[PDB]
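Reading through the structure tokens given below for one structure.
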Amino acid sequence: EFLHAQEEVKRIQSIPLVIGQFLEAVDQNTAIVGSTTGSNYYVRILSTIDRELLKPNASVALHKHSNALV
Amino acid sequence: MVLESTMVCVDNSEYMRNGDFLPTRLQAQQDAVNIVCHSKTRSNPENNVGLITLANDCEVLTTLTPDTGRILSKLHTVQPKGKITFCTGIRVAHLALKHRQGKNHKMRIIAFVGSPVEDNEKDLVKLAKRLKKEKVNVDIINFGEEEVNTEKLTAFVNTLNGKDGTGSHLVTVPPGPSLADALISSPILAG
Amino acid sequence: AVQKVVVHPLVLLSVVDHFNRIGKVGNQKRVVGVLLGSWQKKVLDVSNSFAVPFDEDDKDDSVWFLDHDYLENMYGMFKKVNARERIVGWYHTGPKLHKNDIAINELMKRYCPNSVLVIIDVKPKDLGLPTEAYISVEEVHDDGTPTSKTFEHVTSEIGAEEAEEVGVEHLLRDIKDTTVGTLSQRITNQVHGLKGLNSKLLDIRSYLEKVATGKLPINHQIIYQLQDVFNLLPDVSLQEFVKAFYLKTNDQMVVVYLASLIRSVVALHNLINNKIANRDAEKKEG
Amino acid sequence: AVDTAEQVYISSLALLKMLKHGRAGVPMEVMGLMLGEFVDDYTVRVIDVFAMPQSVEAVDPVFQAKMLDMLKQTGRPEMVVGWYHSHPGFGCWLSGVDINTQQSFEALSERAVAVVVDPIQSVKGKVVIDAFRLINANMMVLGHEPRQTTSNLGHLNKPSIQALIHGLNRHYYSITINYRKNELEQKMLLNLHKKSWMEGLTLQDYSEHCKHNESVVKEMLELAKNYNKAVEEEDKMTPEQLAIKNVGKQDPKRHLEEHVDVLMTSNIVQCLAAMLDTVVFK
Amino acid sequence: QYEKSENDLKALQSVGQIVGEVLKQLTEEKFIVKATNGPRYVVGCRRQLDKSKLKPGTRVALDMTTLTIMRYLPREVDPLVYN
Ligand SMILES: [Zn+2]
């Protein structure tokens, strides 16, 4: 059931998200990102992402409506 | 106006390649196709026409269709070469008409047999009762040497419409391109 | 040559529905339709298929019907709706292909360069891979066959696509499945493999006893070719082959040994980790 | 005459014909007909699905009559029950014109059904399928469904927000859908990912196998190198600041189990098949 | 004149598109593009765009709503030049 759980989360992306950049994280599973839309935001993250992919403002994707690090 | 599905059995065997008819059996049976297609056309456009040969690999050149221009396109370069085959001709004309989209049409068949046949009377009675099951009344107009006085064909017909059926008929093949409008003067609707 | 084909899961269901269509006759009505595929490569792709009216008697299997009209119109519709799709061959629901089956290919080799057959099995009692396809050739023989013509086995597989995997695999939730089951799918693999071995042996011995005595043709078809199968039969236990095993098996045993070695210690960490938190939270709780 | 707790019976081919059509026409609303059978006043059943050309206004219905005809003569005749199209990446909600075909259709057949599909929001685990049923506005105050059972009320799901922002109850009513599975297709659908005995009897290779183990052991050595420093390190920092400074490039104790698992599952089967190939053979 | 009226009838229902450039191909159907006026997006072609022609730096036309690549076009027109 857990492995069925991971896959069903995948519908969130569907491609057209946004190209933004990771900036910083406050705490566990919540960080800050400055989008290429000129503005900056405070957002949550998915538990699926590996935390070794961070550091020096990586290229990231975000939801159009939600604007969450996916 | 009656609903039926005409299935013609042309003869592109070798023995059609002669001149007991005035020009040629090809033109003779071809013209008889001309009168049968116009006949069913003027009877009912809902009716449909499909043709078959009697060669080694008896061919559905035209699936059962109301249009006749396709059949006329098929009549040309018919290549009457090979050997007359009968028992598989009535068979390929037999199992074919169960593929009909319209079922109100009565399964009719006309055959142009102009080569010496080698059938058996038990074969014509088995095929005859098999044609009793579906009641496929077939009227064959023979064009050339067919058999000894069209033997095994009036027996086939009578064993088809036995016990006063009189639906199928057998024509003759000794003089020439019989005007089938004259052959069906009384049997114009049902030969 | 084509040498393999990739059939999608849509077909093999778009045939089952039509076998269900005329499936009311029950006794026998062989389902025949049109196969649609792609001129992909030497390898060939199969995507679409559709049906066509077809009947055939019991005796003298030379009386069969494929509506060329229906084929022309319906494929005209499927080209109007998909020029990317095109005719590639044909199929029939026969569990075992019939002697008549060559005349059909030989008929519709004029539409496709070779209208490859497709045998499907509605009831594959064998738990192996069903729905295998053939392509006919000529193999004129020393006997003096004017045209030794017979189909050819061609390997095939099941196609896949992003969307269809989505919809199908969402349908697979009706039953349980362990596809991520570690070191389980392998065991199942050797199981079903050995099952296929035993099935093939029982079949070939069924044929072999029949031909051996009483009534069967004793042709030179296989009789020595399968003997050459006996020719290989590697004599496993011999002199240096022992050095083949013991010089590698212990190698992999060493790696497994190390893996267990670290696995034990890693398991041992959590004992300290939880034995600390339990009593340290207890003594502070009281 | 009154509504009920209706059920949408399907055909397994219908689903695939949906998703392949919509996916192929992903950048726009793809339209098609839903063909099935009116089993009763309570449930519906769809068995056949097909679409037509569109450059959403369908072109010549000469395709229609000939299509249904040739579908009747081959197979059998059936009944048109509803229809479908795509809302690509949308809220799977009946668009303004989508409802505009609905007074057209329900006026033709009573239980005309709209079918919304999105091959975009559907992940390989689960598909986002949908279908709706127009409701009158003249009875906006009067009751529309008798609600004589929990199934289409407190037993199904919950209306989504992006489609409730359009109708949610209004101009239509949702409907439940299930899957009927023939045993014939069920059995073959059960088995489509297995192989022949060749696969279960392969011995991959010991040169690239031993090469592979020689690979993984190498970096696994380094994983132990990091693991020593990390485990002994232990800043007294509370069990969550470690969980905030571990995001970064930190990963002991994670790859360590992984490489051990893979090195296990490789060597095990690799030995086993070689075992069987000699016990069984000769 | 009725023919002209029908012409405008057909002309009514045509919606424009967004113009952008192709940054890089992430996957066979995942692409990284940028609007000419600012931010960037992840998109996909339709089925048959001949994606081989799409290269980093080319220009393409995107769907307004679905936001996907339609009709990649030649270079631009620099209005300090045509004059
Ligand atoms: Zn819509």
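Just for helices (runs of 4 or more DSSP H) wholly inside region D:155-259: which have at least 3 residues that are over 30 Å from C:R186 (Cβ atoms) and more than 9 Å from every other protein chain (Cβ to nearest Cβ)?
By residue number, D:161-164, D:207-233.
Listed residues D:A51, D:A58; which is buried (at least 18 other Cβ atoms within 10 Å of the Cβ), within 14 Å of chain C (Cβ to nearest Cβ) and within 16 Å of the ligand (Cβ to nearest atom)?
D:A51
Out of the residues in region D:94-103 that are away from chain E (no Cβ under 14 Å) and within 15 Å of the ligand (Cβ to nearest atom), which is surrounded by the fewest Cβ atoms within 10 Å (Cβ to Cβ)?
So, considering only residues that are away from chain E (no Cβ under 14 Å) and within 15 Å of the ligand (Cβ to nearest atom), the one surrounded by the fewest Cβ atoms within 10 Å (Cβ to Cβ) is D:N100.
So C:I218 fits all but one of (1) exposed (fewer than 10 other Cβ atoms within 10 Å of the Cβ); (2) part of a helix (DSSP H, G or I); what number is the exception?
(2)
If D:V128 passes every condition in (1) away from chain C (no Cβ under 14 Å); (2) within 16 Å of the ligand (Cβ to nearest atom) but one, which one does it miss?
(1)
Could you tell me which of the residues D:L108, D:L15 is closer than 29 Å to E:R47 by Cα and more than 13 Å from the ligand (Cβ to nearest atom)?
Every option except D:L15 fails the conditions.
May I ask you to list the residues in region A:2-21 that are in a helix (DSSP H, G or I), within 7 Å of another protein chain (Cβ to nearest Cβ) and either under 25 Å from D:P88 (Cβ atoms) or touching a helix residue (DSSP H, G or I) at 6+ places or on another chain (Cβ under 7 Å) (or both)?
Correct list: A:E7, A:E8, A:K10, A:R11.
If C:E157 passes every condition in (1) within 23 Å of C:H92 (Cβ to Cβ); (2) in a loop (DSSP other than H, G, I, E, B); (3) not aliphatic (A, V, I, L, M) but one, which one does it miss?
Of everything listed in (1) within 23 Å of C:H92 (Cβ to Cβ); (2) in a loop (DSSP other than H, G, I, E, B); (3) not aliphatic (A, V, I, L, M), C:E157 misses just condition (2).
Looking at (1) away from chain D (no Cβ under 13 Å); (2) under 26 Å from D:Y206 (Cβ atoms), find the lone condition where C:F241 falls short.
(1)
Condition first: in contact with a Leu (Cβ under 9 Å, 6 or more places away or on another chain) and within 16 Å of the ligand (Cβ to nearest atom). Can you find one or more residues in region D:138-149 that meet it?
No, region D:138-149 contains no residue that is in contact with a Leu (Cβ under 9 Å, 6 or more places away or on another chain) and within 16 Å of the ligand (Cβ to nearest atom).
Results for (1) assigned to a helix (DSSP H, G or I); (2) over 19 Å from E:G16 (Cβ atoms); (3) among the polar types (S, T, N, Q), shown as yes or no for each residue.
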site: E:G38; (1), (2), (3): no, no, no
site: E:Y41; (1), (2), (3): no, no, no
site: E:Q48; (1), (2), (3): no, yes, yes
site: E:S52; (1), (2), (3): yes, yes, yes
site: E:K55; (1), (2), (3): no, yes, no
site: E:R71; (1), (2), (3): no, no, no
site: E:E76; (1), (2), (3): no, no, no
site: E:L80; (1), (2), (3): no, yes, no
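Here are some conditions: (1) under 15 Å from the mean Cα position of the chain (by Cα); (2) within 14 Å of the ligand (Cβ to nearest atom). D:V123 meets all but one. Which one does it not meet?
Only one criterion is unmet by D:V123, namely (2).
With respect to C:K125, determine if the residue is farther than 17 Å from C:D57 by Cβ, part of a loop (DSSP other than H, G, I, E, B) and within 14 Å of another protein chain (Cβ to nearest Cβ).
Yes.
Considering only region A:33-70, how many residues are within 10 Å of the chain's Cα centre (by Cα), buried (at least 16 other Cβ atoms within 10 Å of the Cβ) and in a strand (DSSP E or B)?
So the answer is 7.
For region D:111-119, check the following and say yes or no: at least one residue is away from the ligand (no atom under 16 Å from the Cβ), among the charged types (D, E, K, R) and within 12 Å of chain C (Cβ to nearest Cβ).
Checked region D:111-119: no residue is away from the ligand (no atom under 16 Å from the Cβ), among the charged types (D, E, K, R) and within 12 Å of chain C (Cβ to nearest Cβ).
Kindly establish whether D:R133 is away from the ligand (no atom under 16 Å from the Cβ), more than 28 Å from A:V9 (Cβ to Cβ) and more than 14 Å from chain A (Cβ to nearest Cβ).
Working: away from the ligand (no atom under 16 Å from the Cβ): no; more than 28 Å from A:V9 (Cβ to Cβ): yes; more than 14 Å from chain A (Cβ to nearest Cβ): yes.
Against the criterion (away from the ligand (no atom under 16 Å from the Cβ), more than 28 Å from A:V9 (Cβ to Cβ) and more than 14 Å from chain A (Cβ to nearest Cβ)), D:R133 does not qualify.
Looking only at region D:72-84, count every residue that is within 16 Å of the ligand (Cβ to nearest atom) and touching a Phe, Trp or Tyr at 6+ places or on another chain (Cβ under 9 Å) and tell me the total.
2
Conditions: (1) within 16 Å of the ligand (Cβ to nearest atom); (2) surrounded by fewer than 16 Cβ atoms within 10 Å (Cβ to Cβ). D:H87 meets all but one. Number of the miss?
Among (1) within 16 Å of the ligand (Cβ to nearest atom); (2) surrounded by fewer than 16 Cβ atoms within 10 Å (Cβ to Cβ), the lone unmet condition for D:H87 is (2).
Pick from C:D228, C:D177, C:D251, C:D203: which is away from chain D (no Cβ under 11 Å), among the acidic types (D, E) and surrounded by 10 or more Cβ atoms within 10 Å (Cβ to Cβ)?
Of the residues listed, the single one that is away from chain D (no Cβ under 11 Å), among the acidic types (D, E) and surrounded by 10 or more Cβ atoms within 10 Å (Cβ to Cβ) is C:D203.
Check whether at least one residue in region C:190-203 is on the phi > 0 side of the Ramachandran plot and small (G, A, S), and report yes or no.
Looking for residues that are on the phi > 0 side of the Ramachandran plot and small (G, A, S), one finds none in region C:190-203, hence no.
Identify all residues within region C:15-62 that are among the hydrophobic types (A, V, I, L, M, F, W, C), more than 9 Å from chain D (Cβ to nearest Cβ) and not in a loop (DSSP other than H, G, I, E, B); write none if there are none.
Once the filter is applied, which keeps residues that are among the hydrophobic types (A, V, I, L, M, F, W, C), more than 9 Å from chain D (Cβ to nearest Cβ) and not in a loop (DSSP other than H, G, I, E, B), region C:15-62 yields C:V32, C:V34, C:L35, C:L36, C:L44, C:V46.
Laboratory data are not the source of any read-out in this text; all were calculated from the coordinates shown. So basically every Cβ, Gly included, is an ideal-geometry build from the backbone, and we count neighbours across all protein chains shown.
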